[PDB]
Asker: 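I'd like to ask some things about the structure below.
Residue indices begin at 1 and follow the sequence shown. The figures that follow rest on heavy atoms only: side chains count, while hydrogens, waters and symmetry mates do not. Numbering of ligands and ligand atoms starts at 1, following listing order.
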Amino acid sequence: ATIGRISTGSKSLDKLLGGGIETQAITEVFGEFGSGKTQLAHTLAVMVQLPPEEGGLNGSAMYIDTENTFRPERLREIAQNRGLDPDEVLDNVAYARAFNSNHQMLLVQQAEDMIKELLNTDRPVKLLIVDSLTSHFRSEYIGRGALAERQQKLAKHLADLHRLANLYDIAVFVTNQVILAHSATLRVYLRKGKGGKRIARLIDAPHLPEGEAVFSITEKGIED
Ligand SMILES: COc1ccc([C@H](C)NC(=O)[C@@H]2C[C@@H](O)CN2C(=O)CNC(=O)c2ccc3cc(F)ccc3n2)c(Cl)c1
Ligand SMILES: [Ca+2]
């Protein structure tokens, strides 16, 4: 099946990504707090709902929150400033707080039920966001010998997410706070730069060209 691409709102970042965030893939963004990772997660939740000539997939979003950083009014602001009805945009986001890593795994199973349900409608799920994906795994699996256990449990959770992405043609977007193995399709490092900008760099992506993207956090979410 054709790979769909969701615009980030930034032409610079979209170019770095090869056109946007891909369906049939897990894109991981990582960086320090305020680096743009979570602002990008909120922006994509709006952008996916747009028609393709506007950078979206005529889809809906699902958002797993692990550290209570989801802000519905921020989604409403981004939507309103892009010409969209804020409440209709918020209605196209399914939201869940993951209480712990085991609950996070169950939420991925439940996401499959909603994905299946909406698959052949005019607005299928096209984006599944997991914000600070590793937070509960780092809090719970700690101490002597915890590296192997944590990495196996994360590898399984990521394999579950890859299957949803591939089986249902959705984009899976995950964020993480800054030698460990990783299994996302594409990893993007974000940092603050000068002039209030954020800088993006692809990590271990020989398949994508050399460069860094520059973007701003605005009332439209993310843009150049
Ligand atoms: C202040 O106004 C609001 C208005 C809306 C929201 C969010 C966007 N919408 C909601 O919370 C809706 C309102 C009700 O219809 C239940 N609901 C779910 O989204 C319920 N979610 C689920 O049942 C559910 C299962 C499994 C899930 C699995 C996932 F991976 C991700 C999300 C998942 N979400 C917020 Cl945070 C604030
Ligand atoms: Ca952020």
Asker: Could you pull out every N or O of ligand 1 that sits under 3.5 Å from a protein N or O, with the distance for each pair?
Answerer:
{"from": "ligand 1", "atom 1": "19 (O)", "to": "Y95", "atom 2": "N", "distance (Å)": "2.8"}
{"from": "ligand 1", "atom 1": "19 (O)", "to": "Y95", "atom 2": "O", "distance (Å)": "3.4"}
{"from": "ligand 1", "atom 1": "21 (N)", "to": "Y95", "atom 2": "O", "distance (Å)": "3.0"}
{"from": "ligand 1", "atom 1": "34 (N)", "to": "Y95", "atom 2": "O", "distance (Å)": "3.4"}

Asker: List in chain and number order the residues that pass ring-ring contact (aromatic ring centres under 6.0 Å, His included) with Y141, two or more places apart in sequence or in another chain; answer none if no residue qualifies.
Answerer: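 In terms of ring-ring contact (aromatic ring centres under 6.0 Å, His included), with neighbours along the sequence ignored, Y141 is linked to no residue.
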Asker: I'd like to know if the side chain of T66 pairs up with that of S135 as donor and acceptor (distance under 3.5 Å, no hydrogens or angles considered).
Answerer: yes
Asker: Just checking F99 against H136, ring centres under 6.0 Å apart?
Answerer: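 No, they do not, as the ring centres are separated by 6.0 Å or more.
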Asker: Please walk me through it: do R163 and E112 pass salt bridge (charged side-chain N to carboxylate O under 4.0 Å, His left out)?
Answerer: CA-CA 10 Å; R163 164 174 174 283; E112 185 163 6; 2.9 Å; yes
Asker: Under the ring-ring contact (aromatic ring centres under 6.0 Å, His included) rule, collect the residues that match up with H182, sequence neighbours excluded.
Answerer: none
Asker: Quick test of your reading: applying side-chain hydrogen bond (donor to acceptor under 3.5 Å, both in side chains), list the pairs with at least one residue in residues 199-217, sequence neighbours left out, ordered by first then second residue.
Answerer: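 Listed by first then second residue: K197-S216.
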